[PDB]
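Structure first, commentary second.
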There are 2 protein chains.
Amino acid sequence: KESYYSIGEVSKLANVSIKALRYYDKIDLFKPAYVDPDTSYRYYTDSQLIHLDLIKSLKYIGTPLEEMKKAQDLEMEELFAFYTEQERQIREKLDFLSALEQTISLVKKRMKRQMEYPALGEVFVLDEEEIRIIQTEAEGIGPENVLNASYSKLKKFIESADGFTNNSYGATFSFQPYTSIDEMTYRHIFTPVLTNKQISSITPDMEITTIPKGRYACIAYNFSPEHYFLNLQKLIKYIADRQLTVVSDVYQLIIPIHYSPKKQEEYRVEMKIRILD
Amino acid sequence: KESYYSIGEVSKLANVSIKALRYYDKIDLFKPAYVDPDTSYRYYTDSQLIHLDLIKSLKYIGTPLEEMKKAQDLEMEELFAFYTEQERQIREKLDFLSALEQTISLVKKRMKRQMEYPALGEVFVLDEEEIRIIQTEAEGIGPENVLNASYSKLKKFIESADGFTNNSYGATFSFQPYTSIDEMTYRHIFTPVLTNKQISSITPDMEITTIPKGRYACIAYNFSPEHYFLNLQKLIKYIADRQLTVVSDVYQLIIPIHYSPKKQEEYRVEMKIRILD
DNA sequence: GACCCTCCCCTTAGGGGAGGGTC
DNA sequence: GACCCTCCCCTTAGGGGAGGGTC
Ligand SMILES: [Zn+2]
Ligand SMILES: [Zn+2]
């Protein structure tokens, strides 16, 4: 009143940094009532401090400074609408985070899964829960043929749904009394899904199915060109000796263990086939 | 396999921009297996594409690239923990937005309130709902004395609670048969609160109370040095003529109408006193 | 003729000083 | 001796070209 505030005074009163005030000046969002033409000092009236309310509040909810310059130009009925938009945007983030929170949980459940596995290289018969997936025909693809680029299209879709990208790669093949690896070929290659949201227009060459819930003869181990086939043989023998009946393809899942370009790569292999009790 | 991918190929396969790939190279987060020493072209193996899974997923949840370089160096048990932290951080934002969504709603209710007021300059008797507030003693402060800087401390606290800053300024004074404005002085000055969260250590000079729910003789109008007092007189006369009994101080609320430094300032004044039916 | 490469400029909202006057 | 001012540099994660070789 009938006197001015120095930038530092305003800074203490409005709890805004002096740097912020200068910036808001330059950007023409909030300029001092008067600026001493000689010393360049900035002077503010007590009556204009009220404009920092709109700025401080809009800044709190994260609106762009360039956006604020528009807000302090609209009427109440328009500001009312402005806030209605913010609520629409908040609900949006709430849905996003709520879903993201769910996905992280699932990713953790499955992560803990392979961390607390009975024993490696040994065949176990456990009761598996369903695992939703997206697969495709593996036309002319086998164990010694696959490439990460083979899951390219599969990953693209998953990414547009789950947001997250798959970390594990899947394949399936007919249960046969194999003799050598060059004797086997993948039927489908797949990648697990984590979201329940409808993926963008999906192409007809992609199939959304699942790995049935049920009893499975499983075996897990760390990948090794040699152990890959020897372990399958081990699985096969287990079914043969117990005279078990297979009621599904052999499912294969390969998960990387570290993602560190410094240490030598190593993958976890998981094979399991569903049986009739 | 036994050949390389050009940056553009990797870009199409992993659905990552060529610009992003070069950047990830420079930043040493994801570098090409081989770079032609003459043409400087970047070449990627199909086996390293798997490192883009961790990057793409971590990028999705917004982790800093410098942070990813650490993530791809930890073990599964550690990555598991990493995600547990993300869930803690997500819950945090969920609480924040959920609360923010609530505050915007209240701000809108009250905003609509003064937009759909019966008539200006006229006294009305309506049933008001409670309005929580934070007030302080207005030692030596009156209508022709107040300054926005007088609410400085009050605003500081509100800001640390509601996050939002108050847009309306309040005051209260004893109901008397006033003759002139220099005859009146404010008892307390206050600012409304919007959050239900415990504000930081509050000083004992701040009082958290409310404007009681009840029947009030109200009057609203656009501020004018002259109309301010004439309208109070109008309120006073209304109580006197109906022989109404006042059971509260006169409450005053001043809200700005536009926050636009281009147009002439204008405020909305709201005065009301509680009566015994 | 597409592909790829290396600069170089630009973007949010100021925080950190440095060098140097001003209340 | 506090206060304030004007540069100037720095920060995230790349997107946009420009000028010019390369598959
Ligand atoms: Zn098929
Ligand atoms: Zn008191």
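Lettering and numbering for the structure tokens are positional, with chains as A, B, ... in the shown order, residues counted from 1 in each chain, and ligands counted from 1 in the shown order.
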Contact set, chain B to chain D: 10 Å, only C-alpha atoms (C1' of nucleotides), as a compact mmCIF listing (two decimals) with N, CA, C and O atoms, in the first residue's frame:
# COMPACT_ATOMS: atom_id res chain seq x y z
N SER B 17 12.96 -45.68 -31.74
CA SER B 17 13.44 -44.76 -32.78
C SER B 17 14.94 -44.86 -33.01
O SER B 17 15.70 -45.21 -32.10
N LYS B 19 16.86 -42.46 -33.49
CA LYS B 19 17.44 -41.41 -32.67
C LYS B 19 17.66 -41.96 -31.26
O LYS B 19 18.72 -41.75 -30.66
N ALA B 20 16.66 -42.66 -30.73
CA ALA B 20 16.76 -43.25 -29.39
C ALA B 20 17.93 -44.23 -29.31
O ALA B 20 18.69 -44.23 -28.34
N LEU B 21 18.08 -45.06 -30.34
CA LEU B 21 19.16 -46.03 -30.38
C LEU B 21 20.53 -45.33 -30.34
O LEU B 21 21.41 -45.74 -29.57
N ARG B 22 20.71 -44.28 -31.15
CA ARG B 22 21.98 -43.57 -31.13
C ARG B 22 22.22 -43.01 -29.74
O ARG B 22 23.33 -43.11 -29.22
N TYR B 23 21.19 -42.42 -29.14
CA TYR B 23 21.31 -41.84 -27.80
C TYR B 23 21.68 -42.90 -26.79
O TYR B 23 22.57 -42.69 -25.96
N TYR B 24 20.99 -44.03 -26.84
CA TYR B 24 21.27 -45.11 -25.90
C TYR B 24 22.70 -45.60 -26.09
O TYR B 24 23.30 -46.17 -25.17
N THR B 39 32.77 -46.40 -42.16
CA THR B 39 31.50 -45.74 -42.37
C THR B 39 30.76 -45.34 -41.08
O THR B 39 29.75 -44.64 -41.11
N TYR B 41 28.82 -46.84 -39.41
CA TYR B 41 27.53 -47.51 -39.32
C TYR B 41 27.46 -48.38 -38.06
O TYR B 41 28.46 -48.97 -37.67
N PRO B 64 14.67 -43.21 -14.89
CA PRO B 64 15.75 -42.49 -15.57
C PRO B 64 16.71 -43.42 -16.28
O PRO B 64 17.02 -44.49 -15.78
N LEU B 65 17.17 -43.02 -17.46
CA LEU B 65 18.09 -43.84 -18.22
C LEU B 65 19.32 -44.15 -17.40
O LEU B 65 19.89 -45.24 -17.50
Counting only C-alpha atoms (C1' of nucleotides) and all ligand atoms, name the residues that have an atom within 10 Å of an atom of ligand 1; the answer should be given as a ChimeraX atom specification. /A:135-139,187-189,205,207
Residues of chain B were defined as contacting chain A if any atom lay at most 7 Å from it, counting only C-alpha atoms; please report them as a PyMOL selection string. chain B and resi 13-14+46-47+49+51+53+56-57+60+72-73+75+80+83+87+90+94+97+101+104+108+147-149+152+163-167+258-260
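Atom pair CA of residue 244 (chain A) / CA of residue 128 (chain A): separated by 17.0 Å.
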Between CA of residue 191 (chain B) and CA of residue 229 (chain B) lies a distance of 21.7 Å
